[PDB]
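J.: how does the following fold in three dimensions:
(one chain, ligands or ions: 7)
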Amino acid sequence: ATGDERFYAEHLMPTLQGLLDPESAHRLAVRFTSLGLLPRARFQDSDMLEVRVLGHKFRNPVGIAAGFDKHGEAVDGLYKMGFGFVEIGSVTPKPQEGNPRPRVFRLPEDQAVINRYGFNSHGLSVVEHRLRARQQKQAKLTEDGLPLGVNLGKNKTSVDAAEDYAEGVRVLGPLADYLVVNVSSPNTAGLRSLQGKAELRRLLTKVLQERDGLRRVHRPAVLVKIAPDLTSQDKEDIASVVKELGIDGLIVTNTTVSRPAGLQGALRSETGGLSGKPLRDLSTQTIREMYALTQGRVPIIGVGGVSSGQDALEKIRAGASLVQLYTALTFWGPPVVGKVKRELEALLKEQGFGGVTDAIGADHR
Ligand SMILES: O=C1c2ccccc2C(=O)c2c1nnn2-c1cc(F)c(-c2cc(CO)ccc2F)c(F)c1
Ligand SMILES: Cc1cc2nc3c(=O)[nH]c(=O)nc-3n(C[C@H](O)[C@H](O)[C@H](O)COP(=O)(O)O)c2cc1C
Ligand SMILES: CCCCCCCCCCCC[N+](C)(C)[O-]
Ligand SMILES: O=C(O)c1cc(=O)[nH]c(=O)[nH]1
Ligand code: NA
Ligand code: NA
Ligand code: NA
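T.: Residues are numbered from 1 along each chain as shown. Ligands and ions are numbered 1, 2, ... in the order given. Sure, structure below:
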């Protein structure tokens, strides 16, 4: 455990990063993971890490965020890495290449990344067939407390965003435990403007109608993923629409187009979304706000700058029922998943919580 953790963190990852540009490193990471080339995590999930939410059991509350496995190529390897749930995507209706390279940048002095991938996607059909090939295996994983999420995007050239998302619901909804719609990615022109109210209500109404039209055993939960860059007005409006329509949950947050003071990385002024440590507390505060605006009745998946048990517990106590990480993986490697789970378990005990469920939203009480 702590042996692999230190080896990856101090030696192997700094070396990989010295040899490989970030996008090449990402591609290699997906390849290794899809082949299961990683230590089968020794950390046995204890009962106090179990969470029941979104109509499912989650064996542990630490998931892999969208954007690592964009095309559904490494799902089983990610469960092997120890994640309690996996979110693939974003997936767009038609295949598209995304932005010109370079489009991924490391800020090692900040333990941050900036990306402007631009929703590079193999497309719905390819991903549909990839998930169909392991559909029953996933059904068993889900039953064993390891659910699957699918994050849905829209094509750059799309005329009607709601129809892109509707297509995604129809094609991948039947293969997902939950679906995600972003009103929040920084690298598709106009996508975030889907955050405005009457239009947002229209969009989400259509998504939920399409979801409700699926057969019962193929009917996923629907979550909305938001950026940390919203105005107070935006957040109020989203909370209101979410409650009005019966949206099943929120993912809080995507990357930030802000550049917090104090960034040291040479590449800090590259265009794109910033992730990792400089996002951490901006994310946590957005969770805190959305939890309060929804009266703690809307499940939140908390994400942004998590790389320790303390980071995870801060988001849970702020209102998250589950958390995700991504950027920590790119600095610490696979051992970071077991690290976060072990540290989280220890902190729950230390603070007198019977388990994760007891800690959800505890700061508000
Ligand atoms: O800058 C980025 C980056 C930037 C943006 C997105 C992703 C990444 C990203 O994934 C990454 C970066 N630098 N290194 N990695 C990286 C992270 C890993 F976890 C592995 C890895 C290793 C093993 C060996 O057992 C097994 C499974 C693995 F995934 C890996 F090989 C490379
Ligand atoms: C390289 C990269 C690609 C991403 N791609 C997506 C994506 O396709 N869809 C999405 O909803 N979020 C995407 N994200 C955002 C992550 O899901 C997550 O919300 C964010 O990175 C914050 O978590 P972290 O600080 O642990 O990385 C991406 C993030 C990174 C770093
Ligand atoms: C309140 C705005 C603050 C913006 C971002 C804050 C970053 C906190 C620094 C701790 C991160 C640890 N490290 C190694 C990456 O520097
Ligand atoms: O594909 C991308 O550029 C991307 C999508 C998203 O939702 N978030 C992010 O940081 N990048
Ligand atoms: Na399935
Ligand atoms: Na389902
Ligand atoms: Na405002």
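J.: which residues of the stretch 51-200 of the chain fall in helices?
T.: 75-80, 124-132, 135-143, 161-172, 197-212 (DSSP state H, counting those that start in this stretch).
J.: out of these, the one nearest ligand 4 is which?
T.: helix 161-172 (13.4 Å; C-beta to the nearest ligand atom). Backbone N, C-alpha and C define where each C-beta goes, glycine included.
J.: quick one: which of the helices of the stretch 51-200 of the chain is nearest residue 111?
T.: Shortest distance between residue 111 and the helices of the stretch 51-200 of the chain, using C-beta to C-beta, is found for helix 75-80: 21.3 Å.
J.: which secondary structure elements does the closest one contact?
T.: For helix 75-80, the packing partners by 3 or more C-beta pairs under 8 Å, 6 or more residues apart in numbering; DSSP states H and E come out as helix 22-34, strand 85-91, helix 135-143.
J.: output the last one as CSV, nothing but the C-alphas.
T.: This means helix 135-143. Extracted C-alpha coordinates of helix 135-143, given in CSV (Å, rounded to 0.1, in the frame of the first residue of the first chain):
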residue,chain,number,x,y,z
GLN,A,135,-23.5,-5.1,-20.6
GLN,A,136,-24.2,-8.2,-18.4
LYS,A,137,-20.8,-7.9,-16.8
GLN,A,138,-21.8,-4.4,-15.8
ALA,A,139,-25.2,-5.5,-14.5
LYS,A,140,-23.4,-7.8,-12.1
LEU,A,141,-20.9,-5.1,-11.1
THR,A,142,-23.7,-2.7,-10.4
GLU,A,143,-25.5,-5.3,-8.3
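J.: what residues does the stretch 251-365 of the chain put near ligand 1?
T.: Contact residues (C-beta under 6 Å from any ligand atom) of the stretch 251-365 of the chain with ligand 1: 329, 330, 333, 334.
J.: cutoff 8 Å now
T.: 326, 327, 329, 330, 331, 333, 334 (C-beta under 8 Å from any ligand atom).
J.: wait, what's in contact with the third one?
T.: Read it as residue 329. 29, 64, 68, 336, 337 (C-beta atoms under 8 Å, 6 or more residues apart in numbering).
J.: give me that answer again for 10 Å
T.: Residues in contact with residue 329 (C-beta atoms under 10 Å, 6 or more residues apart in numbering) are 13, 26, 29, 33, 64-65, 68, 78, 81, 83, 307, 335-337.
J.: out of the helices and strands packed on helix 75-80, which is closest to residue 187?
T.: strand 85-91 (10.2 Å).
J.: wait, does that closest one contact ligand 1?
T.: No - using C-beta under 8 Å from any ligand atom, strand 85-91 stays clear of ligand 1, coming no nearer than 13.2 Å.
J.: what does the stretch 101-250 of the chain have sitting close to ligand 5?
T.: 135, 138, 139 (C-beta under 5 Å from the ion).
J.: now, which of the contacts of residue 329 sits nearest ligand 4?
T.: Nearest to ligand 4 among those, with distances taken as C-beta to the nearest ligand atom, is residue 65, at 9.1 Å.
J.: end-to-end on stretch 131-150?
T.: 10 Å (C-alpha to C-alpha, to the nearest Å).
J.: next, the buried residues of that stretch.
T.: Within stretch 131-150, the residues that count as buried by 16 or more other C-beta atoms under 10 Å are 131, 138, 141, 142, 145, 146, 147, 148, 149, 150.
J.: good, we can wrap up now.
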